[PDB]
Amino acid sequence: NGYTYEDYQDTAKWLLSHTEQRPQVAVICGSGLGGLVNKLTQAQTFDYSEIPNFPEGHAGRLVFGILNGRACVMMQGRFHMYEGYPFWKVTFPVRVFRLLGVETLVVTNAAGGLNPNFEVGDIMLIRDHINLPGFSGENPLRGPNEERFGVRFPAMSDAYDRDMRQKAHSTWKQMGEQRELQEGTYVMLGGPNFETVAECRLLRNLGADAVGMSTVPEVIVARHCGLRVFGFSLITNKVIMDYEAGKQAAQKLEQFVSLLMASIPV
């Protein structure tokens, strides 16, 4: 990592100096879900280019506001390794949120469906992940440990909060959806090219249910600094294993995350 603890502190202090908003929840909005910021009350926007130390698709804006009675901060757009970012830059905002007093991180993305029972328009609660770049040492925690954030060797087996996963299923039932809420394992790869058929079949055989190019590094850094995490993949395509509806599902995920603010503790 190239940021010091004080760089994260400088940024969080700057934000605290520019808004009265004191969010307890942070939401990182992935592809096609930038529309969720429109649901916010008492909204305040900062372009990423205006926030000291922020890394330079979606808007590139941070929006504070009230969602279903809950103070939250949202990333409308995220940072991607395939854009040339190292993970220590991709995940900069996660530590900033911890230093604002955020306790819960919600992550969303759009993903390719590997599980043969998934359909375009499915929402997958993320139950677990597989971190392929992490296998090779590309990791946002690589470098000397900052103990002011967390431990040298953090556990990742409980990353996706089990109580929030229960709330998620209960809430979905309340919504009266005809399609079941999917859940499963997300695998991250670098991108930016889409996968070959041979790569897809390999990934499915590893136990992955969905494939994307983001999110995992944010979850690792969140868990390291003690945030509660839950998240969702929008299944916007079903992958080909042999040699649109995303819009309505995105709107559905927006209502869903909105309802779920009620179920986040404290």
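Superpose the two forms; the largest set of C-alphas matching within 1.5 Å is the rigid core. Numbering starts at 1 and runs along the sequence shown.
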Item to check | Positional deviation of Cα atoms in 4 other deposited structures of this protein after core superposition, greater for 29-37 or 211-219 | outcome: 29-37
Checklist entry - At least a third of the other compared entries lacking residue 58? => result yes
Checklist entry - Residues with no coordinates between residue 243 and residue 244 in the deposited sequence, how many: none, 1 to 3, 4 to 9, or 10 or more? => result 10 or more
Checklist entry - Residues with no coordinates between residue 56 and residue 57 in the deposited sequence, how many: none, 1 to 3, 4 to 9, or 10 or more? => result 4 to 9
Next on the checklist: Please compare 89-97 with 160-168 and say which has the higher mean C-alpha temperature factor in the record.
Outcome noted: 160-168
Item to check | Segment of higher mean CA temperature factor, 115-123 or 190-198 | outcome: 115-123
Checklist outcome for this item: Top Cα B-factor in this entry, restricted to 208, 216, 225, 36, sits on 36
Checklist entry - Taking the Cα B-factors listed in the entry, which of 134, 176, 184, 144 comes out highest? => result 176
Checklist entry - Once the chain's modelled residues are ordered by C-alpha B factor and cut into thirds, is residue 258 in the lowest, middle or highest one? => result highest
Checklist entry - Lowest, middle or highest third: where is residue 11 by C-alpha B factor in its chain? => result lowest
Checklist outcome for this item: Split the chain's modelled residues into thirds by Cα B-factor; residue 63 lands in the lowest
Next on the checklist: Please place residue 83 in the lowest, middle or highest third of its chain according to the CA B-factor in the PDB entry.
Outcome noted: middle
Next on the checklist: Split into thirds by Cα B-factor across the chain's modelled residues, where does residue 239 land: lowest, middle or highest?
Outcome noted: highest
